[PDB]
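Novice: One structure is given below, represented as structure tokens, and several questions about it will come after.
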2 protein chains.
Amino acid sequence: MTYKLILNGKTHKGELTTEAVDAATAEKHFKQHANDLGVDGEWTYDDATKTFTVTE
Amino acid sequence: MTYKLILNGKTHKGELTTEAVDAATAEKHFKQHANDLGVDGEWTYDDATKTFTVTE
Ligand SMILES: [Cl-]
Ligand SMILES: [Cl-]
Ligand SMILES: [Cl-]
Ligand SMILES: [Cl-]
Ligand SMILES: [Cl-]
Ligand SMILES: [Cl-]
Ligand SMILES: [Zn+2]
Ligand SMILES: [Zn+2]
Ligand SMILES: [Zn+2]
Ligand SMILES: [Zn+2]
């Protein structure tokens with residue numbers, strides 16, 4: 001399924017999508033990108049919309 | 001000004017924004033993120049909308 005990451009960082013905002021066979025696969029993928037983009041915040045997940053948010 | 005990066009990659013799609021004092025500052029910032037997200041493609045820039053696109 002297609003998962004989305006919403007980044008609400010102080011220096012980086014936006015949205016990334018990726019295809020993953022399960023939610024853990026997508027979340028590990030996304031935690032790597034949030035690290036890469038310097039966004040260290042609070043994580044939430046919405047299963048209905050397959051959307052992770054990271055908020056600084 | 002706020003610049004945007006549109007990523008149209010095979011494995012990563014989405015949009016990132018950042019504030020930068022000039023376009024070269026934003027583009028260097030964004031080229032680092034596209035590298036980080038594994039998106040190596042053709043770059044275009046639209047000055048009217050301060051938008052870089054990278055397309056695989
Ligand atoms: Cl799917
Ligand atoms: Cl950004
Ligand atoms: Cl950055
Ligand atoms: Cl500004
Ligand atoms: Cl992605
Ligand atoms: Cl990735
Ligand atoms: Zn799928
Ligand atoms: Zn950034
Ligand atoms: Zn500005
Ligand atoms: Zn990705």
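To be explicit about the labels: the chains of the structure tokens are called A, B, and onward in the order shown, and within each one the residues are counted from 1, while ligands get numbers from 1 in the order they are shown.
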At a cut-off of 8 Å around ligand 1, and using only C-alpha atoms and all ligand atoms, what residues come up? Please write them as a PyMOL selection string.
Specialist: chain A and resi 1-2+19-21
Novice: Residues of chain A no more than 10 Å from chain B, counting only C-alpha atoms: send them over as JSON, numbers by chain.
Specialist: {"A": [4, 5, 6, 7, 9, 10, 11, 12, 13, 14, 15, 16, 17, 18, 19, 20, 29, 30, 32, 33, 35, 36, 37]}
Novice: Which is closest to ligand 8 among B:56, B:42, B:27, B:22, if we use only C-alpha atoms and all ligand atoms?
Specialist: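 Nearest to ligand 8: B:27.
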Novice: Just list the residues in chain B DSSP gives strand (DSSP E or B) on the backbone, as a list in words.
Specialist: residues 2, 3, 4, 5, 6, 7, 8, 13, 14, 15, 16, 17, 18, 19, 42, 43, 44, 45, 46, 51, 52, 53, 54 and 55 of chain B
Novice: How would the residues just picked look written out with N, CA and C atoms as a PDB file, in the first residue's frame?
Specialist:
```pdb
ATOM      1  N   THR B   2      10.207  31.069   0.483  1.00  0.00           N
ATOM      2  CA  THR B   2       9.911  29.614   0.598  1.00  0.00           C
ATOM      3  C   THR B   2      10.001  28.973  -0.784  1.00  0.00           C
ATOM      4  N   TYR B   3      10.872  28.004  -0.896  1.00  0.00           N
ATOM      5  CA  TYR B   3      11.090  27.192  -2.106  1.00  0.00           C
ATOM      6  C   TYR B   3      10.497  25.816  -1.856  1.00  0.00           C
ATOM      7  N   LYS B   4      10.140  25.191  -2.939  1.00  0.00           N
ATOM      8  CA  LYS B   4       9.573  23.859  -2.913  1.00  0.00           C
ATOM      9  C   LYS B   4      10.403  22.952  -3.816  1.00  0.00           C
ATOM     10  N   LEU B   5      10.535  21.716  -3.380  1.00  0.00           N
ATOM     11  CA  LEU B   5      11.096  20.609  -4.164  1.00  0.00           C
ATOM     12  C   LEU B   5      10.006  19.586  -4.413  1.00  0.00           C
ATOM     13  N   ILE B   6       9.710  19.300  -5.675  1.00  0.00           N
ATOM     14  CA  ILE B   6       8.807  18.225  -6.054  1.00  0.00           C
ATOM     15  C   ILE B   6       9.686  17.065  -6.473  1.00  0.00           C
ATOM     16  N   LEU B   7       9.502  15.925  -5.822  1.00  0.00           N
ATOM     17  CA  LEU B   7      10.237  14.701  -6.127  1.00  0.00           C
ATOM     18  C   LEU B   7       9.274  13.783  -6.887  1.00  0.00           C
ATOM     19  N   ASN B   8       9.613  13.455  -8.109  1.00  0.00           N
ATOM     20  CA  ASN B   8       8.870  12.452  -8.906  1.00  0.00           C
ATOM     21  C   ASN B   8       9.847  11.310  -9.207  1.00  0.00           C
ATOM     22  N   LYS B  13       8.044   9.821  -3.937  1.00  0.00           N
ATOM     23  CA  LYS B  13       7.293  10.952  -4.513  1.00  0.00           C
ATOM     24  C   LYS B  13       7.051  11.917  -3.341  1.00  0.00           C
ATOM     25  N   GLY B  14       6.884  13.181  -3.664  1.00  0.00           N
ATOM     26  CA  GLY B  14       6.332  14.129  -2.714  1.00  0.00           C
ATOM     27  C   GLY B  14       6.886  15.509  -2.917  1.00  0.00           C
ATOM     28  N   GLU B  15       6.792  16.292  -1.848  1.00  0.00           N
ATOM     29  CA  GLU B  15       7.013  17.761  -1.866  1.00  0.00           C
ATOM     30  C   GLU B  15       7.683  18.141  -0.551  1.00  0.00           C
ATOM     31  N   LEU B  16       8.743  18.916  -0.609  1.00  0.00           N
ATOM     32  CA  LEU B  16       9.459  19.482   0.548  1.00  0.00           C
ATOM     33  C   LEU B  16       9.544  20.981   0.377  1.00  0.00           C
ATOM     34  N   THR B  17       9.403  21.720   1.463  1.00  0.00           N
ATOM     35  CA  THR B  17       9.571  23.172   1.425  1.00  0.00           C
ATOM     36  C   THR B  17      10.624  23.590   2.405  1.00  0.00           C
ATOM     37  N   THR B  18      11.304  24.668   2.077  1.00  0.00           N
ATOM     38  CA  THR B  18      12.265  25.275   2.967  1.00  0.00           C
ATOM     39  C   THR B  18      12.384  26.773   2.684  1.00  0.00           C
ATOM     40  N   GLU B  19      12.757  27.524   3.704  1.00  0.00           N
ATOM     41  CA  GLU B  19      12.985  28.977   3.661  1.00  0.00           C
ATOM     42  C   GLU B  19      14.441  29.203   3.356  1.00  0.00           C
ATOM     43  N   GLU B  42      16.199  14.320 -13.551  1.00  0.00           N
ATOM     44  CA  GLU B  42      16.310  15.582 -14.309  1.00  0.00           C
ATOM     45  C   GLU B  42      15.677  16.671 -13.446  1.00  0.00           C
ATOM     46  N   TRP B  43      16.376  17.784 -13.346  1.00  0.00           N
ATOM     47  CA  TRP B  43      16.017  18.955 -12.535  1.00  0.00           C
ATOM     48  C   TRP B  43      15.461  20.023 -13.446  1.00  0.00           C
ATOM     49  N   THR B  44      14.388  20.618 -12.994  1.00  0.00           N
ATOM     50  CA  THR B  44      13.852  21.864 -13.563  1.00  0.00           C
ATOM     51  C   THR B  44      13.557  22.828 -12.399  1.00  0.00           C
ATOM     52  N   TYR B  45      13.523  24.113 -12.711  1.00  0.00           N
ATOM     53  CA  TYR B  45      13.215  25.180 -11.748  1.00  0.00           C
ATOM     54  C   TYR B  45      12.217  26.122 -12.435  1.00  0.00           C
ATOM     55  N   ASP B  46      11.211  26.512 -11.680  1.00  0.00           N
ATOM     56  CA  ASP B  46      10.212  27.534 -12.041  1.00  0.00           C
ATOM     57  C   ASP B  46      10.359  28.717 -11.078  1.00  0.00           C
ATOM     58  N   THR B  51       9.876  26.770  -7.370  1.00  0.00           N
ATOM     59  CA  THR B  51       9.667  25.316  -7.324  1.00  0.00           C
ATOM     60  C   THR B  51      10.693  24.598  -8.176  1.00  0.00           C
ATOM     61  N   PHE B  52      11.474  23.745  -7.521  1.00  0.00           N
ATOM     62  CA  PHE B  52      12.372  22.789  -8.194  1.00  0.00           C
ATOM     63  C   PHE B  52      11.631  21.452  -8.333  1.00  0.00           C
ATOM     64  N   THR B  53      11.805  20.808  -9.483  1.00  0.00           N
ATOM     65  CA  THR B  53      11.298  19.443  -9.688  1.00  0.00           C
ATOM     66  C   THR B  53      12.478  18.553 -10.028  1.00  0.00           C
ATOM     67  N   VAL B  54      12.499  17.354  -9.460  1.00  0.00           N
ATOM     68  CA  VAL B  54      13.448  16.302  -9.846  1.00  0.00           C
ATOM     69  C   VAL B  54      12.631  15.079 -10.309  1.00  0.00           C
ATOM     70  N   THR B  55      12.813  14.674 -11.562  1.00  0.00           N
ATOM     71  CA  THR B  55      12.008  13.649 -12.216  1.00  0.00           C
ATOM     72  C   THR B  55      12.903  12.499 -12.672  1.00  0.00           C
TER      73      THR B  55
END
```
Novice: Taking the DSSP secondary structure from the backbone, can you list the residues of chain B that are helix (DSSP H, G or I), as a count of residues only?
Specialist: 14
Novice: With distances taken over only C-alpha atoms and all ligand atoms, which residue among A:28, A:49, A:39, A:23 lies nearest ligand 3?
Specialist: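 Smallest distance to ligand 3 is found for A:39.
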Novice: How many Å lie between CA of residue 34 (chain B) and CA of residue 38 (chain A), rounded to one decimal?
Specialist: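 Separation of CA of residue 34 (chain B) and CA of residue 38 (chain A): 13.7 Å.
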